[PDB]
file query-v2.txt (compact mmCIF, C-alpha atoms)
# COMPACT_ATOMS: atom_id res chain seq x y z
CA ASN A 1 190.12 159.05 34.80
CA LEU A 2 193.72 160.33 35.27
CA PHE A 3 193.43 163.03 32.58
CA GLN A 4 190.48 164.50 34.53
CA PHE A 5 192.50 164.27 37.75
CA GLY A 6 195.25 166.02 35.75
CA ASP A 7 192.78 168.85 35.00
CA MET A 8 192.11 169.21 38.74
CA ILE A 9 195.84 169.16 39.49
CA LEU A 10 196.45 171.89 36.88
CA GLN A 11 193.91 174.17 38.54
CA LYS A 12 195.31 173.58 42.03
CA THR A 13 199.03 173.63 41.30
CA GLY A 14 199.52 175.24 37.92
CA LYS A 16 201.54 172.19 36.86
CA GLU A 17 200.93 169.83 33.94
CA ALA A 18 200.65 166.34 35.48
CA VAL A 19 202.29 164.41 32.60
CA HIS A 20 205.49 166.41 33.13
CA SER A 21 205.48 166.22 36.88
CA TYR A 22 203.16 164.20 39.11
CA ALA A 23 202.85 161.33 36.62
CA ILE A 24 206.45 160.33 37.48
CA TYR A 25 206.95 161.79 40.97
CA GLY A 26 208.24 159.88 44.02
CA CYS A 27 207.19 156.35 44.94
CA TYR A 28 203.46 156.80 44.64
CA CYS A 29 202.43 159.64 42.32
CA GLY A 30 201.56 158.33 38.89
CA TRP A 31 203.73 155.34 38.08
CA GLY A 32 204.70 153.53 41.28
CA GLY A 33 203.19 151.59 44.12
CA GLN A 34 205.85 150.52 46.57
CA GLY A 35 208.54 151.99 48.82
CA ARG A 36 208.15 154.87 51.14
CA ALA A 37 206.33 158.07 50.30
CA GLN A 38 209.18 160.57 49.86
CA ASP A 39 207.41 163.68 51.07
CA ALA A 40 204.03 165.39 51.62
CA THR A 41 203.25 165.41 47.86
CA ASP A 42 203.97 161.64 47.57
CA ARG A 43 201.82 161.09 50.73
CA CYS A 44 198.86 162.73 48.97
CA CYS A 45 199.25 160.15 46.18
CA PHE A 46 199.60 157.29 48.58
CA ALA A 47 196.41 158.34 50.43
CA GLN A 48 194.64 158.65 47.09
CA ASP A 49 195.62 155.05 46.20
CA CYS A 50 194.09 153.99 49.56
CA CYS A 51 190.99 155.97 48.62
CA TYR A 52 190.78 154.19 45.21
CA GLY A 53 191.06 150.94 47.18
CA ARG A 54 187.72 151.80 48.83
CA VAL A 55 185.60 152.77 45.80
CA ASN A 56 183.54 149.92 44.52
CA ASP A 59 183.06 148.27 41.17
CA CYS A 61 184.82 150.45 38.63
CA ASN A 67 188.37 150.97 37.38
CA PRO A 68 189.40 154.41 38.74
CA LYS A 69 191.99 154.92 36.03
CA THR A 70 189.43 154.77 33.24
CA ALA A 71 186.19 155.72 35.08
CA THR A 72 185.07 158.93 33.43
CA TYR A 73 183.16 161.00 35.92
CA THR A 74 181.32 164.33 35.92
CA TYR A 75 182.77 167.33 37.73
CA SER A 76 182.95 171.08 37.56
CA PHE A 77 184.87 173.99 39.09
CA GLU A 78 182.47 176.22 41.00
CA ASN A 79 184.66 179.26 41.31
CA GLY A 80 187.81 177.35 42.27
CA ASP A 81 186.12 174.52 44.19
CA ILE A 82 185.95 171.08 42.65
CA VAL A 83 182.44 169.69 42.63
CA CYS A 84 181.74 166.04 41.72
CA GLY A 85 178.43 165.63 40.01
CA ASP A 86 177.82 161.94 39.77
CA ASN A 88 174.88 160.07 41.11
CA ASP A 89 176.57 156.77 40.18
CA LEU A 90 178.28 155.52 43.27
CA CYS A 91 181.49 154.34 41.70
CA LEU A 92 182.06 157.38 39.45
CA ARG A 93 181.22 159.66 42.33
CA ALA A 94 183.57 157.90 44.75
CA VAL A 95 186.43 158.08 42.24
CA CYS A 96 185.73 161.75 41.63
CA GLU A 97 185.79 162.41 45.43
CA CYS A 98 189.18 160.68 45.75
CA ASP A 99 190.60 162.81 42.92
CA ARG A 100 189.16 166.03 44.34
CA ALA A 101 190.69 165.35 47.76
CA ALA A 102 194.04 164.36 46.23
CA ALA A 103 194.15 167.46 43.98
CA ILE A 104 193.53 169.77 47.00
CA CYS A 105 196.27 167.90 48.90
CA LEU A 106 198.73 168.38 45.98
CA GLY A 107 197.85 172.11 45.77
CA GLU A 108 198.45 172.42 49.48
CA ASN A 109 201.89 170.93 49.20
CA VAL A 110 203.15 172.33 45.91
CA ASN A 111 205.46 174.56 47.93
CA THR A 112 207.66 171.61 48.85
CA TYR A 113 207.51 169.87 45.46
CA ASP A 114 211.03 168.64 44.80
CA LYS A 115 212.10 168.04 41.17
CA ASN A 116 214.67 165.65 42.56
CA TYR A 117 211.92 163.07 43.11
CA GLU A 118 210.99 163.08 39.44
CA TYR A 119 211.60 159.85 37.50
CA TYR A 120 211.98 157.75 40.63
CA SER A 121 212.06 154.08 39.79
CA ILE A 122 212.18 150.74 41.59
CA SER A 124 215.75 151.42 42.72
CA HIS A 125 214.63 154.44 44.78
CA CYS A 126 211.51 152.77 46.08
CA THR A 127 212.76 149.66 47.76
CA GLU A 128 211.75 150.36 51.35
CA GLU A 129 208.73 148.54 52.74
CA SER A 130 205.49 149.98 51.38
CA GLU A 131 203.23 152.27 53.35
CA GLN A 132 199.98 150.93 54.81
CA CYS A 133 196.49 152.32 54.36
CA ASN B 1 202.48 147.09 41.61
CA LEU B 2 203.62 149.31 38.68
CA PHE B 3 207.33 149.13 39.60
CA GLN B 4 207.11 145.31 39.29
CA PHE B 5 205.28 145.69 35.97
CA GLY B 6 208.14 148.07 35.07
CA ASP B 7 210.61 145.24 35.82
CA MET B 8 208.69 142.98 33.41
CA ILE B 9 208.61 145.72 30.77
CA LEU B 10 212.39 146.23 31.11
CA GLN B 11 213.03 142.55 30.43
CA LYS B 12 210.70 142.45 27.43
CA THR B 13 211.54 145.77 25.79
CA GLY B 14 214.83 146.95 27.20
CA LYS B 16 213.16 150.25 28.08
CA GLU B 17 212.85 151.94 31.48
CA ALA B 18 209.11 152.45 32.03
CA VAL B 19 209.35 155.78 33.93
CA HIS B 20 211.00 157.36 30.88
CA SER B 21 208.70 155.84 28.34
CA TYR B 22 205.54 153.82 28.95
CA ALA B 23 204.61 155.77 32.09
CA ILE B 24 203.67 158.73 29.85
CA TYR B 25 202.90 157.08 26.49
CA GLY B 26 199.74 157.60 24.41
CA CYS B 27 196.23 157.78 25.85
CA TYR B 28 196.39 154.69 28.01
CA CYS B 29 199.92 153.69 29.03
CA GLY B 30 200.73 154.95 32.49
CA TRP B 31 198.99 158.26 33.08
CA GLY B 32 195.78 158.42 31.04
CA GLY B 33 192.42 156.77 30.73
CA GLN B 34 190.42 158.33 27.94
CA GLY B 35 190.61 158.98 24.20
CA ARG B 36 191.58 156.53 21.57
CA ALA B 37 194.48 154.12 21.85
CA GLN B 38 197.06 155.63 19.48
CA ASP B 39 198.71 152.43 18.32
CA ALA B 40 199.44 148.77 19.15
CA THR B 41 201.53 149.71 22.24
CA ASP B 42 198.71 151.93 23.62
CA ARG B 43 196.22 149.07 22.86
CA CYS B 44 198.26 146.74 25.10
CA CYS B 45 197.80 149.28 27.92
CA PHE B 46 194.14 149.68 27.24
CA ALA B 47 193.60 145.89 27.33
CA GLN B 48 195.58 145.74 30.56
CA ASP B 49 193.27 148.34 32.14
CA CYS B 50 190.32 146.11 31.10
CA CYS B 51 192.15 143.19 32.70
CA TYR B 52 192.63 145.17 35.96
CA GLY B 53 188.90 145.87 35.80
CA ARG B 54 188.31 142.11 36.18
CA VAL B 55 190.60 141.28 39.12
CA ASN B 56 188.81 141.29 42.41
CA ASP B 59 189.34 142.97 45.73
CA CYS B 61 192.75 144.60 45.58
CA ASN B 67 194.25 147.81 44.21
CA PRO B 68 196.38 146.70 41.21
CA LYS B 69 198.61 149.75 41.42
CA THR B 70 199.82 148.89 44.91
CA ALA B 71 199.21 145.11 45.08
CA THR B 72 202.65 143.61 45.52
CA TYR B 73 202.71 140.17 43.99
CA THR B 74 205.22 137.35 43.63
CA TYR B 75 206.78 136.56 40.27
CA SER B 76 209.95 135.28 38.70
CA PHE B 77 211.64 135.03 35.30
CA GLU B 78 212.11 131.38 34.39
CA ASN B 79 214.63 131.82 31.62
CA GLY B 80 212.85 134.74 29.96
CA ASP B 81 209.27 133.69 30.77
CA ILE B 82 207.34 135.57 33.40
CA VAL B 83 205.87 133.28 36.02
CA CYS B 84 203.35 134.55 38.59
CA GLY B 85 203.65 132.74 41.86
CA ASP B 86 200.72 133.82 43.94
CA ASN B 88 198.13 131.62 45.46
CA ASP B 89 196.16 134.71 46.55
CA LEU B 90 193.54 135.29 43.93
CA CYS B 91 193.81 139.04 43.69
CA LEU B 92 197.63 139.23 43.67
CA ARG B 93 197.75 136.43 41.15
CA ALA B 94 195.17 138.02 38.85
CA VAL B 95 197.05 141.34 38.91
CA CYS B 96 200.32 139.55 38.18
CA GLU B 97 198.68 137.73 35.21
CA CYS B 98 197.44 141.05 33.77
CA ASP B 99 200.94 142.54 34.04
CA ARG B 100 202.60 139.49 32.51
CA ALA B 101 200.24 139.56 29.52
CA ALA B 102 200.66 143.33 29.10
CA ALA B 103 204.48 143.12 29.30
CA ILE B 104 204.57 140.42 26.56
CA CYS B 105 202.24 142.60 24.45
CA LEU B 106 204.56 145.64 24.89
CA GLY B 107 207.61 143.52 23.97
CA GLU B 108 205.81 142.31 20.88
CA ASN B 109 205.11 145.84 19.74
CA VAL B 110 208.26 147.68 20.74
CA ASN B 111 209.16 147.82 17.05
CA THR B 112 206.46 150.40 16.39
CA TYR B 113 206.97 152.40 19.60
CA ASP B 114 206.71 156.04 18.56
CA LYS B 115 208.41 158.69 20.76
CA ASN B 116 205.93 161.14 19.33
CA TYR B 117 203.24 159.71 21.60
CA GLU B 118 205.25 160.49 24.70
CA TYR B 119 203.79 163.11 27.08
CA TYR B 120 200.33 162.93 25.55
CA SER B 121 197.84 164.82 27.65
CA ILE B 122 194.11 165.50 27.72
CA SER B 124 194.38 167.65 24.60
CA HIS B 125 195.54 164.66 22.51
CA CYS B 126 193.11 162.24 24.09
CA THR B 127 189.75 163.80 23.51
CA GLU B 128 188.16 161.18 21.26
CA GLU B 129 185.58 158.86 22.79
CA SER B 130 187.19 156.22 24.99
CA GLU B 131 187.70 152.63 23.94
CA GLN B 132 185.43 149.91 25.33
CA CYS B 133 186.47 146.70 27.05
call {"tool": "encode", "arguments": {"input": "query-v2.txt", "output": "structure tokens"}}
result
Amino acid sequence: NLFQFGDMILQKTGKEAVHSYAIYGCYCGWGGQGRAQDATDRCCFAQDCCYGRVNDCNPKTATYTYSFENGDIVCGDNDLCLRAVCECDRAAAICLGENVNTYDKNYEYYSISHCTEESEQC
Amino acid sequence: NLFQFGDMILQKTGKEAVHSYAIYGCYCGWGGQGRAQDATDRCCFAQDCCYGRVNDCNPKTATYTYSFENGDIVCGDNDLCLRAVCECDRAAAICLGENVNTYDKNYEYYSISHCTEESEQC
């Protein structure tokens, strides 16, 4: 679920997701169309593609099992859907940590008016 | 996609989603666990259950066809998945409009610490 993903993001970026990623660019958090504004937004777009490939559960609300082993994120589910969602979140959180250096506050609160361009493809 | 849902929300509530719903309670926008804080949050929880029933597309990025006929929201897709996502958004936007009167700014920016309680069931 997104709060768990938010826990992963906190560990990898030091940022609270509800004040940042939840409203960043055209794809992070609330969005879904337009062009990914930068590397951070591209992580979110790739994660949405990833969610598109899990199977029968709702990624937003699927509550999975995970742990930090040292700093590494380890998904613990056996259940295929919970596990697949956890793997998408893990990968996306590492991607966000990798690109936190170029995080631009100017992309915060983007809305439909900034995200008109044709959507990205998976 | 969420920006289109945001367009529906704007028409029904007069509020810009990225500044409000996108970070409201335990279920609206960024969330997915805990207890729905109020009627508004319950709309979002029911919408997540609705998304759980559409079929093979990613609701966040599925770009559907809709129009306002007077004030009514009319989904125009033939495609089953796009249509089902549009119907979930339409229903959720009407629900949010119906409950805008009890919208509480105090539920804005809720995070995992406020949404610990056991999750709601569909």
call {"tool": "residues_around", "arguments": {"input": "query-v2.txt", "residues": "residue 33 in chain B", "least_positions_apart": "4", "cutoff": "9 Å", "atoms": "all atoms listed in the file", "output": "PDB file with C-alpha atoms, keeping the file's coordinate frame"}}
result
ATOM      1  CA  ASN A   1     190.120 159.050  34.800  1.00  0.00           C
ATOM      2  CA  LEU A   2     193.720 160.330  35.270  1.00  0.00           C
ATOM      3  CA  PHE A   3     193.430 163.030  32.580  1.00  0.00           C
ATOM      4  CA  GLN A   4     190.480 164.500  34.530  1.00  0.00           C
ATOM      5  CA  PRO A  68     189.400 154.410  38.740  1.00  0.00           C
ATOM      6  CA  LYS A  69     191.990 154.920  36.030  1.00  0.00           C
ATOM      7  CA  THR A  70     189.430 154.770  33.240  1.00  0.00           C
ATOM      8  CA  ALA A  71     186.190 155.720  35.080  1.00  0.00           C
ATOM      9  CA  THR A  72     185.070 158.930  33.430  1.00  0.00           C
TER      10      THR A  72
ATOM     11  CA  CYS B  27     196.230 157.780  25.850  1.00  0.00           C
ATOM     12  CA  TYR B  28     196.390 154.690  28.010  1.00  0.00           C
ATOM     13  CA  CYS B  29     199.920 153.690  29.030  1.00  0.00           C
ATOM     14  CA  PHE B  46     194.140 149.680  27.240  1.00  0.00           C
ATOM     15  CA  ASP B  49     193.270 148.340  32.140  1.00  0.00           C
ATOM     16  CA  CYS B 126     193.110 162.240  24.090  1.00  0.00           C
ATOM     17  CA  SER B 130     187.190 156.220  24.990  1.00  0.00           C
TER      18      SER B 130
END
call {"tool": "atom_distance", "arguments": {"input": "query-v2.txt", "atom1": "CA of residue 96 in chain B", "atom2": "CA of residue 122 in chain A"}}
result
16.7 Å
call {"tool": "atom_distance", "arguments": {"input": "query-v2.txt", "atom1": "CA of residue 61 in chain B", "atom2": "CA of residue 50 in chain A"}}
result
10.3 Å
call {"tool": "closest_residue", "arguments": {"input": "query-v2.txt", "among": "B:13, B:112, B:56, B:38", "to": "chain A", "atoms": "all atoms listed in the file"}}
result
B:56
call {"tool": "closest_residue", "arguments": {"input": "query-v2.txt", "among": "A:132, A:34, A:41, A:116", "to": "chain B", "atoms": "all atoms listed in the file"}}
result
A:34
call {"tool": "residues_around", "arguments": {"input": "query-v2.txt", "residues": "residue 40 in chain B", "least_positions_apart": "3", "cutoff": "7 Å", "atoms": "all atoms listed in the file", "output": "PyMOL selection string"}}
result
chain B and resi 43-44+109
call {"tool": "closest_residue", "arguments": {"input": "query-v2.txt", "among": "A:47, A:92, A:133, A:106", "to": "residue 18 in chain A", "atoms": "only C-alpha atoms"}}
result
A:106
call {"tool": "atom_distance", "arguments": {"input": "query-v2.txt", "atom1": "CA of residue 131 in chain A", "atom2": "CA of residue 35 in chain A"}}
result
7.0 Å
call {"tool": "build_atoms", "arguments": {"input": "query-v2.txt", "residues": "range 71-92 of chain A", "atoms": "N, CA and C atoms", "output": "PDB file, in the frame of the given file"}}
result
ATOM      1  N   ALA A  71     187.543 155.265  34.753  1.00  0.00           N
ATOM      2  CA  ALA A  71     186.190 155.720  35.080  1.00  0.00           C
ATOM      3  C   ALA A  71     186.111 157.181  34.734  1.00  0.00           C
ATOM      4  N   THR A  72     185.216 157.540  33.831  1.00  0.00           N
ATOM      5  CA  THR A  72     185.070 158.930  33.430  1.00  0.00           C
ATOM      6  C   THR A  72     183.878 159.529  34.139  1.00  0.00           C
ATOM      7  N   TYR A  73     184.178 160.379  35.106  1.00  0.00           N
ATOM      8  CA  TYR A  73     183.160 161.000  35.920  1.00  0.00           C
ATOM      9  C   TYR A  73     182.792 162.415  35.501  1.00  0.00           C
ATOM     10  N   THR A  74     181.814 162.986  36.191  1.00  0.00           N
ATOM     11  CA  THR A  74     181.320 164.330  35.920  1.00  0.00           C
ATOM     12  C   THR A  74     181.752 165.251  37.048  1.00  0.00           C
ATOM     13  N   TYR A  75     182.364 166.380  36.706  1.00  0.00           N
ATOM     14  CA  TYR A  75     182.770 167.330  37.730  1.00  0.00           C
ATOM     15  C   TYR A  75     182.786 168.704  37.136  1.00  0.00           C
ATOM     16  N   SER A  76     182.905 169.697  37.999  1.00  0.00           N
ATOM     17  CA  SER A  76     182.950 171.080  37.560  1.00  0.00           C
ATOM     18  C   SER A  76     183.700 171.902  38.602  1.00  0.00           C
ATOM     19  N   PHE A  77     184.185 173.072  38.189  1.00  0.00           N
ATOM     20  CA  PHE A  77     184.870 173.990  39.090  1.00  0.00           C
ATOM     21  C   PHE A  77     183.792 175.019  39.371  1.00  0.00           C
ATOM     22  N   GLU A  78     183.466 175.220  40.639  1.00  0.00           N
ATOM     23  CA  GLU A  78     182.470 176.220  41.000  1.00  0.00           C
ATOM     24  C   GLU A  78     183.321 177.192  41.740  1.00  0.00           C
ATOM     25  N   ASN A  79     183.708 178.207  40.958  1.00  0.00           N
ATOM     26  CA  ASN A  79     184.660 179.260  41.310  1.00  0.00           C
ATOM     27  C   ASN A  79     185.967 178.459  41.189  1.00  0.00           C
ATOM     28  N   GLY A  80     186.612 178.158  42.315  1.00  0.00           N
ATOM     29  CA  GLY A  80     187.810 177.350  42.270  1.00  0.00           C
ATOM     30  C   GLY A  80     187.565 175.940  42.808  1.00  0.00           C
ATOM     31  N   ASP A  81     186.506 175.799  43.605  1.00  0.00           N
ATOM     32  CA  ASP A  81     186.120 174.520  44.190  1.00  0.00           C
ATOM     33  C   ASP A  81     185.833 173.433  43.165  1.00  0.00           C
ATOM     34  N   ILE A  82     186.173 172.208  43.533  1.00  0.00           N
ATOM     35  CA  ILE A  82     185.950 171.080  42.650  1.00  0.00           C
ATOM     36  C   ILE A  82     184.676 170.433  43.160  1.00  0.00           C
ATOM     37  N   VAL A  83     183.717 170.272  42.277  1.00  0.00           N
ATOM     38  CA  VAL A  83     182.440 169.690  42.630  1.00  0.00           C
ATOM     39  C   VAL A  83     182.159 168.441  41.778  1.00  0.00           C
ATOM     40  N   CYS A  84     182.058 167.290  42.432  1.00  0.00           N
ATOM     41  CA  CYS A  84     181.740 166.040  41.720  1.00  0.00           C
ATOM     42  C   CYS A  84     180.244 165.989  41.479  1.00  0.00           C
ATOM     43  N   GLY A  85     179.838 165.654  40.274  1.00  0.00           N
ATOM     44  CA  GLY A  85     178.430 165.630  40.010  1.00  0.00           C
ATOM     45  C   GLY A  85     177.787 164.274  39.833  1.00  0.00           C
ATOM     46  N   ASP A  86     178.518 163.182  39.986  1.00  0.00           N
ATOM     47  CA  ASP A  86     177.820 161.940  39.770  1.00  0.00           C
ATOM     48  C   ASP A  86     176.906 161.443  40.860  1.00  0.00           C
ATOM     49  N   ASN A  88     175.921 160.736  40.360  1.00  0.00           N
ATOM     50  CA  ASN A  88     174.880 160.070  41.110  1.00  0.00           C
ATOM     51  C   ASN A  88     175.424 158.641  41.271  1.00  0.00           C
ATOM     52  N   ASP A  89     176.012 158.116  40.188  1.00  0.00           N
ATOM     53  CA  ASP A  89     176.570 156.770  40.180  1.00  0.00           C
ATOM     54  C   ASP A  89     177.600 156.647  41.289  1.00  0.00           C
ATOM     55  N   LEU A  90     177.410 155.661  42.139  1.00  0.00           N
ATOM     56  CA  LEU A  90     178.280 155.520  43.270  1.00  0.00           C
ATOM     57  C   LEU A  90     179.752 155.344  42.973  1.00  0.00           C
ATOM     58  N   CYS A  91     180.090 154.549  41.974  1.00  0.00           N
ATOM     59  CA  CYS A  91     181.490 154.340  41.700  1.00  0.00           C
ATOM     60  C   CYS A  91     182.175 155.556  41.081  1.00  0.00           C
ATOM     61  N   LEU A  92     181.510 156.197  40.117  1.00  0.00           N
ATOM     62  CA  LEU A  92     182.060 157.380  39.450  1.00  0.00           C
ATOM     63  C   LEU A  92     182.202 158.504  40.453  1.00  0.00           C
TER      64      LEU A  92
END
